[PDB]
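Engineer: This is model31.txt (compact mmCIF, N, CA and C atoms).
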# COMPACT_ATOMS: atom_id res chain seq x y z
N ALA A 1 19.22 157.39 -110.99
CA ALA A 1 18.54 157.56 -109.71
C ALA A 1 18.63 156.27 -108.90
N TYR A 2 18.30 156.39 -107.62
CA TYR A 2 18.24 155.22 -106.75
C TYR A 2 17.17 154.23 -107.20
N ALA A 3 16.18 154.67 -107.98
CA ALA A 3 15.14 153.77 -108.49
C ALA A 3 15.70 152.71 -109.43
N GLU A 4 16.86 152.95 -110.03
CA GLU A 4 17.52 151.95 -110.86
C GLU A 4 18.52 151.20 -110.00
N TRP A 5 18.26 149.93 -109.75
CA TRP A 5 19.18 149.14 -108.93
C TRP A 5 19.07 147.67 -109.29
N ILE A 6 20.16 146.95 -109.01
CA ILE A 6 20.24 145.50 -109.12
C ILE A 6 20.95 145.00 -107.88
N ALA A 7 20.55 143.82 -107.39
CA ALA A 7 21.28 143.16 -106.32
C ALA A 7 21.40 141.69 -106.70
N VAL A 8 22.63 141.20 -106.80
CA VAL A 8 22.90 139.86 -107.29
C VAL A 8 23.30 138.99 -106.10
N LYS A 9 22.51 137.95 -105.84
CA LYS A 9 22.81 137.01 -104.77
C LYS A 9 23.66 135.89 -105.34
N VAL A 10 24.90 135.77 -104.87
CA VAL A 10 25.85 134.80 -105.41
C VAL A 10 25.76 133.53 -104.56
N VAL A 11 25.31 132.44 -105.18
CA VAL A 11 25.12 131.14 -104.53
C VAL A 11 26.17 130.19 -105.11
N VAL A 12 27.04 129.67 -104.25
CA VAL A 12 28.17 128.86 -104.68
C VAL A 12 27.91 127.40 -104.31
N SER A 13 28.02 126.50 -105.28
CA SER A 13 27.83 125.09 -104.99
C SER A 13 29.03 124.53 -104.23
N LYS A 14 28.79 123.46 -103.47
CA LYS A 14 29.91 122.70 -102.92
C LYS A 14 30.78 122.09 -104.02
N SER A 15 30.28 122.01 -105.26
CA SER A 15 31.13 121.61 -106.38
C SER A 15 32.29 122.58 -106.62
N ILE A 16 32.24 123.78 -106.03
CA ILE A 16 33.28 124.79 -106.16
C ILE A 16 33.85 125.20 -104.80
N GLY A 17 33.00 125.37 -103.80
CA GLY A 17 33.45 125.71 -102.46
C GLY A 17 33.61 127.20 -102.21
N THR A 18 34.45 127.86 -103.00
CA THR A 18 34.73 129.29 -102.85
C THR A 18 34.78 129.91 -104.24
N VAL A 19 34.14 131.06 -104.41
CA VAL A 19 34.22 131.84 -105.64
C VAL A 19 34.81 133.20 -105.31
N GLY A 20 35.84 133.60 -106.06
CA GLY A 20 36.38 134.95 -105.98
C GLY A 20 35.64 135.87 -106.95
N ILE A 21 35.13 136.98 -106.42
CA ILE A 21 34.55 138.05 -107.23
C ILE A 21 35.68 139.01 -107.57
N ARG A 22 35.95 139.21 -108.87
CA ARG A 22 37.10 140.00 -109.29
C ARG A 22 36.71 140.89 -110.45
N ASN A 23 37.53 141.92 -110.69
CA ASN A 23 37.46 142.67 -111.94
C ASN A 23 36.11 143.37 -112.11
N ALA A 24 35.55 143.85 -111.01
CA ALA A 24 34.27 144.55 -111.09
C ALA A 24 34.46 145.89 -111.77
N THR A 25 33.49 146.28 -112.60
CA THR A 25 33.57 147.54 -113.32
C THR A 25 32.16 148.10 -113.50
N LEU A 26 32.09 149.42 -113.63
CA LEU A 26 30.84 150.13 -113.86
C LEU A 26 31.02 151.10 -115.01
N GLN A 27 30.06 151.10 -115.93
CA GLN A 27 29.93 152.17 -116.91
C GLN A 27 29.03 153.28 -116.40
N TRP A 28 28.03 152.94 -115.58
CA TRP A 28 27.09 153.87 -114.97
C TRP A 28 26.77 153.36 -113.58
N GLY A 29 26.62 154.27 -112.63
CA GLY A 29 26.14 153.92 -111.30
C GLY A 29 27.26 153.76 -110.29
N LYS A 30 26.90 153.16 -109.16
CA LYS A 30 27.85 152.90 -108.08
C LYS A 30 27.52 151.55 -107.47
N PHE A 31 28.50 150.97 -106.76
CA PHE A 31 28.24 149.79 -105.94
C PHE A 31 27.89 150.24 -104.53
N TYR A 32 27.06 149.45 -103.86
CA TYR A 32 26.69 149.77 -102.49
C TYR A 32 26.55 148.50 -101.67
N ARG A 33 26.60 148.66 -100.35
CA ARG A 33 26.47 147.54 -99.42
C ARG A 33 24.99 147.26 -99.21
N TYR A 34 24.48 146.21 -99.87
CA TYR A 34 23.06 145.89 -99.81
C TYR A 34 22.64 145.77 -98.34
N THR A 35 21.53 146.42 -97.95
CA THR A 35 20.52 147.04 -98.81
C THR A 35 20.53 148.58 -98.80
N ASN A 36 21.60 149.19 -98.29
CA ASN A 36 21.63 150.63 -98.05
C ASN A 36 22.31 151.34 -99.22
N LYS A 37 21.51 151.99 -100.07
CA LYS A 37 22.05 152.66 -101.25
C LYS A 37 22.99 153.82 -100.92
N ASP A 38 22.92 154.38 -99.70
CA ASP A 38 23.85 155.43 -99.31
C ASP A 38 25.23 154.90 -98.94
N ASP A 39 25.35 153.60 -98.68
CA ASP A 39 26.63 153.03 -98.24
C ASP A 39 27.41 152.56 -99.46
N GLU A 40 28.06 153.51 -100.12
CA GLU A 40 28.81 153.20 -101.33
C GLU A 40 30.07 152.42 -100.99
N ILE A 41 30.39 151.43 -101.81
CA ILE A 41 31.63 150.68 -101.67
C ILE A 41 32.39 150.74 -102.98
N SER A 42 33.71 150.61 -102.88
CA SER A 42 34.58 150.79 -104.03
C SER A 42 34.55 149.55 -104.92
N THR A 43 34.92 149.76 -106.18
CA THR A 43 35.10 148.61 -107.06
C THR A 43 36.15 147.65 -106.52
N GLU A 44 37.19 148.17 -105.84
CA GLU A 44 38.21 147.28 -105.28
C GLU A 44 37.64 146.41 -104.17
N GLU A 45 36.75 146.95 -103.33
CA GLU A 45 36.14 146.13 -102.29
C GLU A 45 35.28 145.02 -102.90
N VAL A 46 34.43 145.37 -103.86
CA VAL A 46 33.64 144.36 -104.55
C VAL A 46 34.55 143.30 -105.14
N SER A 47 35.67 143.73 -105.74
CA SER A 47 36.62 142.86 -106.43
C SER A 47 37.52 142.07 -105.48
N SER A 48 37.28 142.15 -104.18
CA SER A 48 38.03 141.40 -103.19
C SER A 48 37.18 140.36 -102.47
N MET A 49 35.89 140.26 -102.81
CA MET A 49 34.99 139.35 -102.10
C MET A 49 35.28 137.91 -102.45
N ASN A 50 35.23 137.03 -101.44
CA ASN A 50 35.23 135.59 -101.62
C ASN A 50 33.91 135.06 -101.05
N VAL A 51 33.15 134.35 -101.87
CA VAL A 51 31.84 133.83 -101.48
C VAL A 51 31.97 132.33 -101.24
N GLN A 52 31.48 131.86 -100.09
CA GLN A 52 31.60 130.46 -99.69
C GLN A 52 30.28 129.74 -99.90
N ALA A 53 30.37 128.47 -100.31
CA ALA A 53 29.21 127.61 -100.39
C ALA A 53 28.46 127.59 -99.06
N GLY A 54 27.14 127.73 -99.14
CA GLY A 54 26.28 127.72 -97.98
C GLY A 54 26.02 129.08 -97.37
N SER A 55 26.80 130.10 -97.74
CA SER A 55 26.64 131.45 -97.19
C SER A 55 26.65 132.47 -98.31
N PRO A 56 25.54 132.59 -99.03
CA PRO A 56 25.49 133.55 -100.15
C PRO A 56 25.77 134.98 -99.71
N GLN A 57 26.34 135.75 -100.64
CA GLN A 57 26.58 137.17 -100.45
C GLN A 57 26.04 137.92 -101.65
N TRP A 58 25.81 139.22 -101.46
CA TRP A 58 25.15 140.06 -102.44
C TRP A 58 26.09 141.11 -103.01
N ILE A 59 25.97 141.34 -104.31
CA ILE A 59 26.65 142.43 -105.00
C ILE A 59 25.57 143.35 -105.53
N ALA A 60 25.57 144.61 -105.07
CA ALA A 60 24.47 145.51 -105.38
C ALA A 60 24.99 146.78 -106.02
N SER A 61 24.22 147.32 -106.97
CA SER A 61 24.60 148.54 -107.65
C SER A 61 23.34 149.33 -107.97
N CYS A 62 23.46 150.66 -107.91
CA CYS A 62 22.32 151.52 -108.23
C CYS A 62 22.80 152.73 -109.01
N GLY A 63 21.85 153.45 -109.62
CA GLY A 63 22.17 154.71 -110.24
C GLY A 63 22.56 155.77 -109.23
N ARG A 64 23.28 156.78 -109.72
CA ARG A 64 23.66 157.88 -108.85
C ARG A 64 22.43 158.67 -108.41
N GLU A 65 22.46 159.15 -107.17
CA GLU A 65 21.27 159.76 -106.59
C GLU A 65 20.84 160.98 -107.39
N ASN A 66 19.54 161.04 -107.71
CA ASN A 66 18.91 162.16 -108.40
C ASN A 66 19.39 162.36 -109.84
N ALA A 67 20.04 161.37 -110.43
CA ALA A 67 20.53 161.47 -111.79
C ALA A 67 19.58 160.76 -112.75
N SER A 68 19.50 161.28 -113.97
CA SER A 68 18.73 160.64 -115.03
C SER A 68 19.56 159.57 -115.71
N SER A 69 20.09 158.64 -114.92
CA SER A 69 20.90 157.54 -115.44
C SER A 69 20.80 156.39 -114.45
N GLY A 70 21.12 155.19 -114.92
CA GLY A 70 20.95 154.00 -114.11
C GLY A 70 22.25 153.33 -113.72
N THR A 71 22.28 152.00 -113.78
CA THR A 71 23.47 151.25 -113.44
C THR A 71 23.76 150.25 -114.56
N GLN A 72 25.04 150.14 -114.91
CA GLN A 72 25.49 149.21 -115.93
C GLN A 72 26.92 148.82 -115.60
N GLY A 73 27.20 147.52 -115.58
CA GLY A 73 28.52 147.09 -115.19
C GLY A 73 28.66 145.59 -115.27
N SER A 74 29.73 145.08 -114.67
CA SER A 74 29.99 143.64 -114.67
C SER A 74 30.91 143.27 -113.52
N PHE A 75 30.99 141.97 -113.25
CA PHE A 75 32.04 141.40 -112.41
C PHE A 75 32.36 140.00 -112.91
N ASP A 76 33.57 139.54 -112.61
CA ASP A 76 34.01 138.21 -112.98
C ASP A 76 33.94 137.27 -111.78
N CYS A 77 33.73 135.99 -112.06
CA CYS A 77 33.73 134.94 -111.04
C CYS A 77 34.90 134.00 -111.31
N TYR A 78 35.67 133.70 -110.27
CA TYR A 78 36.85 132.85 -110.37
C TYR A 78 36.77 131.69 -109.40
N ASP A 79 37.22 130.53 -109.86
CA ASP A 79 37.44 129.35 -109.01
C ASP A 79 38.95 129.27 -108.85
N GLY A 80 39.48 129.81 -107.76
CA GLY A 80 40.93 129.94 -107.67
C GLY A 80 41.46 130.77 -108.83
N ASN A 81 42.47 130.23 -109.52
CA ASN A 81 43.08 130.90 -110.66
C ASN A 81 42.26 130.80 -111.94
N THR A 82 41.18 130.01 -111.96
CA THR A 82 40.46 129.69 -113.19
C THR A 82 39.22 130.56 -113.34
N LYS A 83 39.13 131.30 -114.44
CA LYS A 83 37.96 132.12 -114.69
C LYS A 83 36.73 131.24 -114.94
N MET A 84 35.64 131.55 -114.25
CA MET A 84 34.39 130.83 -114.46
C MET A 84 33.48 131.54 -115.46
N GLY A 85 33.49 132.87 -115.45
CA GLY A 85 32.67 133.65 -116.36
C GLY A 85 32.44 135.04 -115.81
N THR A 86 31.55 135.77 -116.48
CA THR A 86 31.30 137.18 -116.21
C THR A 86 29.81 137.42 -116.08
N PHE A 87 29.40 138.11 -115.02
CA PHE A 87 28.03 138.58 -114.87
C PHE A 87 27.97 140.05 -115.27
N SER A 88 27.05 140.40 -116.17
CA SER A 88 26.89 141.76 -116.66
C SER A 88 25.43 142.18 -116.55
N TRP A 89 25.20 143.49 -116.44
CA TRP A 89 23.84 144.02 -116.38
C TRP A 89 23.80 145.41 -116.99
N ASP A 90 22.59 145.79 -117.42
CA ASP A 90 22.29 147.13 -117.92
C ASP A 90 20.89 147.48 -117.43
N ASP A 91 20.81 148.44 -116.51
CA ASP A 91 19.55 148.89 -115.92
C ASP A 91 19.39 150.37 -116.25
N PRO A 92 18.85 150.70 -117.42
CA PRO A 92 18.75 152.10 -117.82
C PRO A 92 17.68 152.85 -117.05
N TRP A 93 17.88 154.16 -116.97
CA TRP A 93 16.90 155.06 -116.36
C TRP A 93 15.72 155.32 -117.29
N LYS A 94 15.96 155.39 -118.60
CA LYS A 94 14.92 155.84 -119.52
C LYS A 94 13.69 154.95 -119.45
N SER A 95 12.53 155.57 -119.25
CA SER A 95 11.28 154.82 -119.16
C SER A 95 11.01 154.10 -120.47
N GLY A 96 10.61 152.83 -120.36
CA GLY A 96 10.33 152.01 -121.52
C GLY A 96 11.51 151.24 -122.07
N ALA A 97 12.73 151.58 -121.66
CA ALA A 97 13.90 150.85 -122.12
C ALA A 97 14.01 149.52 -121.38
N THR A 98 14.49 148.51 -122.09
CA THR A 98 14.59 147.17 -121.53
C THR A 98 15.81 147.06 -120.62
N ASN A 99 15.62 146.42 -119.46
CA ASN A 99 16.73 146.07 -118.57
C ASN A 99 17.22 144.67 -118.94
N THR A 100 18.55 144.48 -118.91
CA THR A 100 19.14 143.20 -119.28
C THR A 100 20.21 142.79 -118.27
N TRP A 101 20.48 141.49 -118.22
CA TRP A 101 21.52 140.92 -117.38
C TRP A 101 21.84 139.52 -117.88
N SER A 102 23.05 139.06 -117.60
CA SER A 102 23.43 137.73 -118.06
C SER A 102 24.69 137.27 -117.35
N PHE A 103 24.84 135.95 -117.28
CA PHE A 103 26.12 135.32 -116.97
C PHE A 103 26.64 134.68 -118.24
N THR A 104 27.89 134.96 -118.56
CA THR A 104 28.51 134.34 -119.73
C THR A 104 29.61 133.42 -119.24
N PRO A 105 29.47 132.11 -119.38
CA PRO A 105 30.49 131.19 -118.86
C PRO A 105 31.75 131.23 -119.72
N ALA A 106 32.90 131.09 -119.06
CA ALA A 106 34.17 131.03 -119.79
C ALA A 106 34.33 129.73 -120.55
N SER A 107 33.68 128.66 -120.10
CA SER A 107 33.73 127.36 -120.75
C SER A 107 32.58 126.53 -120.18
N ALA A 108 32.41 125.33 -120.73
CA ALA A 108 31.37 124.44 -120.23
C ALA A 108 31.71 123.82 -118.87
N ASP A 109 32.89 124.10 -118.31
CA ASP A 109 33.23 123.54 -117.00
C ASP A 109 32.45 124.19 -115.86
N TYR A 110 31.91 125.39 -116.07
CA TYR A 110 31.15 126.08 -115.04
C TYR A 110 29.89 126.63 -115.67
N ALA A 111 28.85 126.75 -114.86
CA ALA A 111 27.62 127.39 -115.28
C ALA A 111 27.15 128.34 -114.19
N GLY A 112 26.52 129.42 -114.61
CA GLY A 112 25.91 130.39 -113.73
C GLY A 112 24.47 130.61 -114.16
N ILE A 113 23.54 130.01 -113.44
CA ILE A 113 22.12 130.07 -113.78
C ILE A 113 21.48 131.21 -112.99
N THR A 114 20.73 132.06 -113.68
CA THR A 114 20.12 133.21 -113.03
C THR A 114 18.63 132.99 -112.83
N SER A 115 18.10 133.56 -111.75
CA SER A 115 16.66 133.58 -111.52
C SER A 115 16.26 134.93 -110.96
N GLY A 116 15.05 135.36 -111.30
CA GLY A 116 14.58 136.67 -110.90
C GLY A 116 15.06 137.77 -111.83
N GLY A 117 14.62 138.98 -111.53
CA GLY A 117 15.02 140.15 -112.29
C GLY A 117 13.87 140.68 -113.13
N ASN A 118 13.78 142.00 -113.22
CA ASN A 118 12.72 142.68 -113.96
C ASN A 118 13.28 143.22 -115.27
N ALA A 119 12.77 142.70 -116.39
CA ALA A 119 13.17 143.21 -117.70
C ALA A 119 12.55 144.56 -118.03
N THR A 120 11.51 144.98 -117.31
CA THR A 120 10.87 146.26 -117.55
C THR A 120 10.77 147.04 -116.25
N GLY A 121 10.60 148.34 -116.38
CA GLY A 121 10.49 149.20 -115.22
C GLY A 121 11.82 149.79 -114.80
N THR A 122 11.78 150.45 -113.65
CA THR A 122 12.95 151.19 -113.18
C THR A 122 14.10 150.25 -112.84
N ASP A 123 13.86 149.28 -111.96
CA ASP A 123 14.92 148.47 -111.39
C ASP A 123 14.92 147.05 -111.95
N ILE A 124 16.11 146.47 -112.06
CA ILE A 124 16.21 145.02 -112.23
C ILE A 124 15.81 144.31 -110.95
N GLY A 125 16.25 144.83 -109.80
CA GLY A 125 15.92 144.22 -108.52
C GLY A 125 16.84 143.06 -108.19
N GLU A 126 16.34 142.16 -107.34
CA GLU A 126 17.12 141.02 -106.88
C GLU A 126 17.18 139.94 -107.96
N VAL A 127 18.39 139.45 -108.22
CA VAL A 127 18.65 138.34 -109.14
C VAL A 127 19.53 137.34 -108.40
N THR A 128 19.21 136.05 -108.50
CA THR A 128 20.07 135.02 -107.92
C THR A 128 20.95 134.44 -109.01
N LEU A 129 22.24 134.31 -108.71
CA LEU A 129 23.24 133.72 -109.59
C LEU A 129 23.76 132.45 -108.92
N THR A 130 23.40 131.29 -109.46
CA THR A 130 23.77 130.00 -108.87
C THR A 130 24.89 129.38 -109.70
N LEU A 131 26.06 129.22 -109.07
CA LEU A 131 27.30 128.83 -109.75
C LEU A 131 27.69 127.41 -109.37
N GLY A 132 28.03 126.60 -110.38
CA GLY A 132 28.47 125.24 -110.15
C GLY A 132 29.51 124.80 -111.17
N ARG A 133 30.13 123.66 -110.88
CA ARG A 133 31.10 123.00 -111.75
C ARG A 133 30.44 121.79 -112.40
N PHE A 134 30.65 121.63 -113.71
CA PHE A 134 29.87 120.68 -114.49
C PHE A 134 30.77 119.89 -115.42
N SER A 135 30.30 118.69 -115.77
CA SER A 135 30.95 117.80 -116.72
C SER A 135 29.91 117.29 -117.70
N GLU A 136 30.34 117.01 -118.93
CA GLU A 136 29.39 116.55 -119.93
C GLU A 136 28.81 115.19 -119.54
N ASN A 137 27.52 115.02 -119.78
CA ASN A 137 26.76 113.86 -119.33
C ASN A 137 26.68 112.83 -120.45
Take the structure from the file and write it as C-alpha cells.
Structural biologist:
Amino acid sequence: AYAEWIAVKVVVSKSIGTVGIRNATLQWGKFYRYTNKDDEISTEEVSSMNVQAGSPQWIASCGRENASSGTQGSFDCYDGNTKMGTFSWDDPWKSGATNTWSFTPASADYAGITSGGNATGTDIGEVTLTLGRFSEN
C-alpha cells in the first residue's frame, strides 16, 4: 500500500562533488517522484540521477496502491567509475514486522551515514544519506 514508503535524501559532500545513482532495483513496490506517490518513475530514470554537492535530491519508493505488500529494493552510489556502496531497504506491509535500511560501503574510502527512519510501523519515511570521501586518521 501507499502507507509503506521510504524517501532517501542524498547529501553529497564537496569531498566527492557528484554522486551517480546507478543500478536501482526493487523486489517489492515502485519508485516515485517525491512527494507524489502517483507519479511513478522507472528504475532506469532513478539509475540515471547525478546528485551534486549542495543540492540534495530524493529517491522515493512506496508499496503498490491497495496491495498488502510494501517496498524493498536498493540503489548503488558511484563516484565517477568507482563504486562507493549500496543503499538497501525493506519496508514490509505486515503489521509488527520490523522495517530496515542500510548503506554498505564498498571500502573505507567512502562512508554513507544515515539519519532518520522508522524501524516500526507502516512507513520508513524520510531518511538522510550523507556521503563523503574519507582517509584513515
Engineer: For the structure I just gave you, how does DSSP split chain A - specifically, which residues are helix (DSSP H, G or I)? Reply as a VMD selection string.
Structural biologist: chain A and resid 43 to 46
Engineer: So the first atom is atom N of residue 132 in chain A and the second is atom C of residue 41 in chain A; what is the distance between them in Å, to one decimal place?
Structural biologist: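 We find that atom N of residue 132 in chain A and atom C of residue 41 in chain A lie 25.6 Å from each other.
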Engineer: Can you list every residue in chain A that DSSP puts in strand (DSSP E), as a PyMOL selection string?
Structural biologist: chain A and resi 5-12+18-28+30-32+40-41+50-52+57-62+71-79+82-91+100-105+110-115+125-133
Engineer: Find the distance between CA of residue 67 in chain A and CA of residue 44 in chain A and write it in Å to one decimal.
Structural biologist: 23.6 Å
Engineer: Which residues are close to residue 115 in chain A, i.e. within 8 Å by only N, CA and C atoms, leaving aside same-chain residues fewer than 2 positions away? Reply as a PyMOL selection string.
Structural biologist: chain A and resi 112-113+117-118+126-130
Engineer: One number please: atom C of residue 116 in chain A to CA of residue 133 in chain A, in Å, one decimal.
Structural biologist: 21.8 Å
Engineer: Show me, as JSON, the centre and edge lengths in Å to one decimal of the axis-aligned box that covers every listed atom of range 43-60 of chain A with 4 Å on each side.
Structural biologist:
{"center_x": 31.3, "center_y": 138.7, "center_z": -102.1, "size_x": 21.7, "size_y": 30.2, "size_z": 17.9}
Engineer: What lies within 7 Å of residue 28 in chain A using all atoms listed in the file, ignoring chain neighbours under 5 positions off, as number ranges by chain?
Structural biologist: A: 62-64, 69-73
Engineer: Can you tell me, as a PyMOL selection string, what residues are no more than 8 Å from range 108-110 of chain A when counting all atoms listed in the file, ignoring any on the same chain fewer than 2 positions away?
Structural biologist: chain A and resi 83-85+104-106+112-113+131-136
Engineer: Excluding residue 99 in chain A and residues on its chain fewer than 4 positions from it, collect all residues at most 6 Å away from it, counting all atoms listed in the file, and give them as a VMD selection string.
Structural biologist: chain A and resid 90 to 92 118 to 120
Engineer: Mind checking which residues fall within 6 Å of residue 32 in chain A, counting only C-alpha atoms, ignoring those fewer than 6 positions away in the same chain, and posting them as JSON, numbers by chain?
Structural biologist: {"A": [39, 40, 41, 60, 61]}
Engineer: Closest to residue 65 in chain A among A:30, A:95, A:137, A:7, using only N, CA and C atoms?
Structural biologist: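 Counting only N, CA and C atoms, the residue closest to residue 65 in chain A is A:30.
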Engineer: Here's a test: counting only C-alpha atoms, identify every protein, DNA and RNA residue with an atom at most 6 Å from (24.0, 138.0, -103.0) in the file's coordinate frame, and state them as a list in words.
Structural biologist: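 Those residues, ordered by chain and then number, are residues 8, 9, 10, 56, 57, 58 and 59 of chain A.
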Engineer: Produce a file of the selected residues containing N, CA and C atoms, as a PDB file, keeping the file's coordinate frame.
Structural biologist:
ATOM      1  N   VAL A   8      22.630 141.200-106.800  1.00  0.00           N
ATOM      2  CA  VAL A   8      22.900 139.860-107.290  1.00  0.00           C
ATOM      3  C   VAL A   8      23.300 138.990-106.100  1.00  0.00           C
ATOM      4  N   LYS A   9      22.510 137.950-105.840  1.00  0.00           N
ATOM      5  CA  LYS A   9      22.810 137.010-104.770  1.00  0.00           C
ATOM      6  C   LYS A   9      23.660 135.890-105.340  1.00  0.00           C
ATOM      7  N   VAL A  10      24.900 135.770-104.870  1.00  0.00           N
ATOM      8  CA  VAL A  10      25.850 134.800-105.410  1.00  0.00           C
ATOM      9  C   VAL A  10      25.760 133.530-104.560  1.00  0.00           C
ATOM     10  N   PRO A  56      25.540 132.590 -99.030  1.00  0.00           N
ATOM     11  CA  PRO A  56      25.490 133.550-100.150  1.00  0.00           C
ATOM     12  C   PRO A  56      25.770 134.980 -99.710  1.00  0.00           C
ATOM     13  N   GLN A  57      26.340 135.750-100.640  1.00  0.00           N
ATOM     14  CA  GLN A  57      26.580 137.170-100.450  1.00  0.00           C
ATOM     15  C   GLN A  57      26.040 137.920-101.650  1.00  0.00           C
ATOM     16  N   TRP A  58      25.810 139.220-101.460  1.00  0.00           N
ATOM     17  CA  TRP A  58      25.150 140.060-102.440  1.00  0.00           C
ATOM     18  C   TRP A  58      26.090 141.110-103.010  1.00  0.00           C
ATOM     19  N   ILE A  59      25.970 141.340-104.310  1.00  0.00           N
ATOM     20  CA  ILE A  59      26.650 142.430-105.000  1.00  0.00           C
ATOM     21  C   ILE A  59      25.570 143.350-105.530  1.00  0.00           C
TER      22      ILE A  59
END
Engineer: Can you give me N, CA, C and O atoms for range 113-128 of chain A, written as an mmCIF file, in the frame of the given file?
Structural biologist:
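As a result, out16.cif now contains:
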data_model
loop_
_atom_site.group_PDB
_atom_site.id
_atom_site.type_symbol
_atom_site.label_atom_id
_atom_site.label_comp_id
_atom_site.auth_asym_id
_atom_site.auth_seq_id
_atom_site.Cartn_x
_atom_site.Cartn_y
_atom_site.Cartn_z
ATOM 1 N N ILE A 113 23.540 130.010 -113.440
ATOM 2 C CA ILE A 113 22.120 130.070 -113.780
ATOM 3 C C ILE A 113 21.480 131.210 -112.990
ATOM 4 O O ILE A 113 21.676 131.331 -111.778
ATOM 5 N N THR A 114 20.730 132.060 -113.680
ATOM 6 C CA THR A 114 20.120 133.210 -113.030
ATOM 7 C C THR A 114 18.630 132.990 -112.830
ATOM 8 O O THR A 114 17.973 132.312 -113.626
ATOM 9 N N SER A 115 18.100 133.560 -111.750
ATOM 10 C CA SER A 115 16.660 133.580 -111.520
ATOM 11 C C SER A 115 16.260 134.930 -110.960
ATOM 12 O O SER A 115 17.023 135.573 -110.234
ATOM 13 N N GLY A 116 15.050 135.360 -111.300
ATOM 14 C CA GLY A 116 14.580 136.670 -110.900
ATOM 15 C C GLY A 116 15.060 137.770 -111.830
ATOM 16 O O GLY A 116 15.806 137.553 -112.788
ATOM 17 N N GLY A 117 14.620 138.980 -111.530
ATOM 18 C CA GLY A 117 15.020 140.150 -112.290
ATOM 19 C C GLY A 117 13.870 140.680 -113.130
ATOM 20 O O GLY A 117 13.071 139.915 -113.690
ATOM 21 N N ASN A 118 13.780 142.000 -113.220
ATOM 22 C CA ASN A 118 12.720 142.680 -113.960
ATOM 23 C C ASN A 118 13.280 143.220 -115.270
ATOM 24 O O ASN A 118 14.151 144.096 -115.272
ATOM 25 N N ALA A 119 12.770 142.700 -116.390
ATOM 26 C CA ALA A 119 13.170 143.210 -117.700
ATOM 27 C C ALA A 119 12.550 144.560 -118.030
ATOM 28 O O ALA A 119 13.013 145.236 -118.949
ATOM 29 N N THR A 120 11.510 144.980 -117.310
ATOM 30 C CA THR A 120 10.870 146.260 -117.550
ATOM 31 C C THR A 120 10.770 147.040 -116.250
ATOM 32 O O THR A 120 10.849 146.471 -115.156
ATOM 33 N N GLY A 121 10.600 148.340 -116.380
ATOM 34 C CA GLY A 121 10.490 149.200 -115.220
ATOM 35 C C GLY A 121 11.820 149.790 -114.800
ATOM 36 O O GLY A 121 12.859 149.640 -115.462
ATOM 37 N N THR A 122 11.780 150.450 -113.650
ATOM 38 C CA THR A 122 12.950 151.190 -113.180
ATOM 39 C C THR A 122 14.100 150.250 -112.840
ATOM 40 O O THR A 122 15.212 150.411 -113.354
ATOM 41 N N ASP A 123 13.860 149.280 -111.960
ATOM 42 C CA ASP A 123 14.920 148.470 -111.390
ATOM 43 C C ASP A 123 14.920 147.050 -111.950
ATOM 44 O O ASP A 123 13.863 146.478 -112.243
ATOM 45 N N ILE A 124 16.110 146.470 -112.060
ATOM 46 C CA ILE A 124 16.210 145.020 -112.230
ATOM 47 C C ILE A 124 15.810 144.310 -110.950
ATOM 48 O O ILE A 124 15.095 143.299 -110.979
ATOM 49 N N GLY A 125 16.250 144.830 -109.800
ATOM 50 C CA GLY A 125 15.920 144.220 -108.520
ATOM 51 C C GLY A 125 16.840 143.060 -108.190
ATOM 52 O O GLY A 125 17.974 142.946 -108.681
ATOM 53 N N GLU A 126 16.340 142.160 -107.340
ATOM 54 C CA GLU A 126 17.120 141.020 -106.880
ATOM 55 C C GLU A 126 17.180 139.940 -107.960
ATOM 56 O O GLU A 126 16.153 139.571 -108.537
ATOM 57 N N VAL A 127 18.390 139.450 -108.220
ATOM 58 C CA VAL A 127 18.650 138.340 -109.140
ATOM 59 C C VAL A 127 19.530 137.340 -108.400
ATOM 60 O O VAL A 127 20.511 137.735 -107.765
ATOM 61 N N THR A 128 19.210 136.050 -108.500
ATOM 62 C CA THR A 128 20.070 135.020 -107.920
ATOM 63 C C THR A 128 20.950 134.440 -109.010
ATOM 64 O O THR A 128 20.476 134.124 -110.106
#
